[PDB]
Amino acid sequence: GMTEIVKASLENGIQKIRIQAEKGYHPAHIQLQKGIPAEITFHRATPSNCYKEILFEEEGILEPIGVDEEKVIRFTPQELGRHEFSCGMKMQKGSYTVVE
Ligand SMILES: [Cl-]
Ligand SMILES: [Cu+]
Ligand SMILES: [Cu+]
């Protein structure tokens, strides 16, 4: 250890954070506050189709993302703890930890 966790920035009652998709997700591990609307912006910086989709299974989210495009994943985290996000193939993984 330790594992690097990046906290989402709180402003205007929204928590925002940007994630780059290229040779994995960066940051791969983030922290979110429970009950605050979250906007997680993914940028696909690779032409590999391994990254053509963004999956947040526990939120029922599955979103396509094109080469060099940015997609905002929006939800309000309600369940505490560590949750997984990944590409649509579940080959490249990350996590979001929801704290009180
Ligand atoms: Cl692949
Ligand atoms: Cu993938
Ligand atoms: Cu893949």
# chains A, B, ... in the order shown; residues from 1 in each chain; ligands from 1

$ select_by_dssp --residues "chain A" --states "helix (DSSP H, G or I)" --output "PDB file with N, CA, C and O atoms, in the first residue's frame"
ATOM      1  N   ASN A  49     -11.207  -0.401 -29.018  1.00  0.00           N
ATOM      2  CA  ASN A  49     -12.611  -0.613 -28.684  1.00  0.00           C
ATOM      3  C   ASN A  49     -12.837  -1.319 -27.347  1.00  0.00           C
ATOM      4  O   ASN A  49     -13.979  -1.515 -26.933  1.00  0.00           O
ATOM      5  N   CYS A  50     -11.758  -1.687 -26.665  1.00  0.00           N
ATOM      6  CA  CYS A  50     -11.891  -2.218 -25.313  1.00  0.00           C
ATOM      7  C   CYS A  50     -12.551  -1.165 -24.425  1.00  0.00           C
ATOM      8  O   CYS A  50     -13.175  -1.491 -23.416  1.00  0.00           O
ATOM      9  N   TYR A  51     -12.433   0.098 -24.833  1.00  0.00           N
ATOM     10  CA  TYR A  51     -12.941   1.227 -24.056  1.00  0.00           C
ATOM     11  C   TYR A  51     -14.161   1.899 -24.688  1.00  0.00           C
ATOM     12  O   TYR A  51     -14.467   3.048 -24.368  1.00  0.00           O
ATOM     13  N   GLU A  57     -22.457  -1.057 -13.266  1.00  0.00           N
ATOM     14  CA  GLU A  57     -23.476  -2.098 -13.176  1.00  0.00           C
ATOM     15  C   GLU A  57     -24.493  -1.846 -12.066  1.00  0.00           C
ATOM     16  O   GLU A  57     -25.689  -2.072 -12.246  1.00  0.00           O
ATOM     17  N   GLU A  58     -24.017  -1.375 -10.920  1.00  0.00           N
ATOM     18  CA  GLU A  58     -24.879  -1.216  -9.756  1.00  0.00           C
ATOM     19  C   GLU A  58     -25.806  -0.011  -9.877  1.00  0.00           C
ATOM     20  O   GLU A  58     -26.743   0.138  -9.095  1.00  0.00           O
ATOM     21  N   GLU A  59     -25.540   0.843 -10.859  1.00  0.00           N
ATOM     22  CA  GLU A  59     -26.399   1.987 -11.135  1.00  0.00           C
ATOM     23  C   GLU A  59     -27.225   1.749 -12.394  1.00  0.00           C
ATOM     24  O   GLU A  59     -28.013   2.601 -12.796  1.00  0.00           O
TER      25      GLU A  59
END

$ closest_atom_pairs --of "chain A" --to "ligand 2" --cutoff "10 Å" --atoms "only C-alpha atoms and all ligand atoms" --output "Markdown table"
| residue | atom | partner | partner_atom_place_in_ligand_line | distance |
| --- | --- | --- | --- | --- |
| A:21 | CA | ligand 2 | 1 (Cu) | 9.7 |
| A:23 | CA | ligand 2 | 1 (Cu) | 9.9 |
| A:24 | CA | ligand 2 | 1 (Cu) | 8.5 |
| A:48 | CA | ligand 2 | 1 (Cu) | 8.3 |
| A:49 | CA | ligand 2 | 1 (Cu) | 7.0 |
| A:50 | CA | ligand 2 | 1 (Cu) | 3.4 |
| A:51 | CA | ligand 2 | 1 (Cu) | 4.7 |
| A:52 | CA | ligand 2 | 1 (Cu) | 7.4 |
| A:53 | CA | ligand 2 | 1 (Cu) | 7.7 |
| A:54 | CA | ligand 2 | 1 (Cu) | 8.7 |
| A:55 | CA | ligand 2 | 1 (Cu) | 9.9 |
| A:86 | CA | ligand 2 | 1 (Cu) | 7.3 |
| A:87 | CA | ligand 2 | 1 (Cu) | 4.5 |
| A:88 | CA | ligand 2 | 1 (Cu) | 5.9 |
| A:89 | CA | ligand 2 | 1 (Cu) | 4.6 |
| A:90 | CA | ligand 2 | 1 (Cu) | 5.8 |
| A:91 | CA | ligand 2 | 1 (Cu) | 4.6 |
| A:92 | CA | ligand 2 | 1 (Cu) | 4.9 |
| A:93 | CA | ligand 2 | 1 (Cu) | 8.1 |

$ write_last_selection --atoms "N, CA, C and O atoms" --output "CSV table (one decimal), in the first residue's frame"
chain,number,residue,atom,x,y,z
A,21,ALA,N,-9.5,7.6,-20.1
A,21,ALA,CA,-9.4,6.2,-20.5
A,21,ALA,C,-8.3,6.0,-21.5
A,21,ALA,O,-8.4,6.4,-22.7
A,23,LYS,N,-4.8,3.1,-21.5
A,23,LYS,CA,-3.9,2.2,-20.8
A,23,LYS,C,-4.5,2.1,-19.4
A,23,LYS,O,-3.8,2.4,-18.4
A,24,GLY,N,-5.8,1.8,-19.3
A,24,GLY,CA,-6.5,1.8,-18.0
A,24,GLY,C,-7.2,3.1,-17.8
A,24,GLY,O,-7.1,4.0,-18.6
A,48,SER,N,-8.7,2.0,-29.1
A,48,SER,CA,-9.0,0.6,-28.8
A,48,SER,C,-10.5,0.5,-28.4
A,48,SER,O,-11.0,1.2,-27.5
A,49,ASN,N,-11.2,-0.4,-29.0
A,49,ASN,CA,-12.6,-0.6,-28.7
A,49,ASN,C,-12.8,-1.3,-27.3
A,49,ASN,O,-14.0,-1.5,-26.9
A,50,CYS,N,-11.8,-1.7,-26.7
A,50,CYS,CA,-11.9,-2.2,-25.3
A,50,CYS,C,-12.6,-1.2,-24.4
A,50,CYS,O,-13.2,-1.5,-23.4
A,51,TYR,N,-12.4,0.1,-24.8
A,51,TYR,CA,-12.9,1.2,-24.1
A,51,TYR,C,-14.2,1.9,-24.7
A,51,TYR,O,-14.5,3.0,-24.4
A,52,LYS,N,-14.9,1.2,-25.6
A,52,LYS,CA,-16.0,1.8,-26.3
A,52,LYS,C,-17.2,2.0,-25.4
A,52,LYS,O,-18.2,2.6,-25.9
A,53,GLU,N,-17.2,1.4,-24.3
A,53,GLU,CA,-18.4,1.5,-23.3
A,53,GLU,C,-17.9,1.7,-21.9
A,53,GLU,O,-16.8,1.3,-21.5
A,54,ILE,N,-18.8,2.4,-21.1
A,54,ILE,CA,-18.6,2.6,-19.7
A,54,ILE,C,-19.7,1.9,-18.9
A,54,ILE,O,-20.9,2.1,-19.2
A,55,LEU,N,-19.3,1.1,-18.0
A,55,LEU,CA,-20.2,0.3,-17.2
A,55,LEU,C,-20.2,0.6,-15.7
A,55,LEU,O,-19.2,0.5,-15.1
A,86,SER,N,-16.3,-0.2,-14.8
A,86,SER,CA,-15.4,-0.8,-15.7
A,86,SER,C,-15.7,-0.4,-17.2
A,86,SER,O,-16.7,0.3,-17.4
A,87,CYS,N,-14.9,-0.9,-18.1
A,87,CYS,CA,-15.3,-0.8,-19.5
A,87,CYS,C,-16.5,-1.8,-19.8
A,87,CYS,O,-16.8,-2.6,-18.9
A,88,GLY,N,-17.1,-1.8,-20.9
A,88,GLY,CA,-18.1,-2.7,-21.3
A,88,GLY,C,-17.7,-4.1,-21.4
A,88,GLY,O,-18.6,-5.0,-21.4
A,89,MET,N,-16.4,-4.4,-21.4
A,89,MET,CA,-15.9,-5.7,-21.5
A,89,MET,C,-15.6,-6.3,-20.2
A,89,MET,O,-15.2,-7.5,-20.0
A,90,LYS,N,-15.6,-5.4,-19.2
A,90,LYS,CA,-15.2,-5.7,-17.8
A,90,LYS,C,-13.7,-6.2,-17.7
A,90,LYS,O,-13.3,-6.8,-16.8
A,91,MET,N,-12.9,-5.7,-18.7
A,91,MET,CA,-11.5,-6.0,-18.8
A,91,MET,C,-10.7,-4.9,-18.0
A,91,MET,O,-9.7,-5.2,-17.3
A,92,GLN,N,-11.1,-3.7,-18.2
A,92,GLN,CA,-10.4,-2.5,-17.5
A,92,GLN,C,-11.3,-2.1,-16.4
A,92,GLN,O,-12.5,-1.7,-16.6
A,93,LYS,N,-10.8,-2.1,-15.2
A,93,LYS,CA,-11.6,-1.8,-14.0
A,93,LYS,C,-11.2,-0.6,-13.2
A,93,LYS,O,-10.1,-0.1,-13.3

$ residues_around --residues "residue 100 (chain A)" --least-positions-apart "4" --cutoff "10 Å" --atoms "only C-alpha atoms" --output "list in words"
residues 32, 33, 34, 35, 78, 79, 80 and 81 of chain A

$ write_last_selection --atoms "C-alpha atoms" --output "compact mmCIF listing (two decimals), in the first residue's frame"
# COMPACT_ATOMS: atom_id res chain seq x y z
CA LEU A 32 -17.80 10.13 -3.68
CA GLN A 33 -20.00 11.63 -0.97
CA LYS A 34 -23.33 9.87 -0.37
CA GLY A 35 -26.45 11.81 -1.33
CA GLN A 78 -26.91 6.30 -2.11
CA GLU A 79 -25.17 3.11 -0.97
CA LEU A 80 -22.01 3.35 1.14
CA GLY A 81 -18.86 1.38 0.38

$ select_by_dssp --residues "chain A" --states "strand (DSSP E)" --output "PyMOL selection string"
chain A and resi 6-7+9-11+14-21+25-26+29-33+38-44+53-56+61-64+70-75+81-87+93-99

$ closest_residue --among "A:47, A:15, A:72, A:84" --to "ligand 3" --atoms "only C-alpha atoms and all ligand atoms"
A:47

$ atom_distance --atom1 "CA of residue 5 (chain A)" --atom2 "CA of residue 28 (chain A)"
8.0 Å
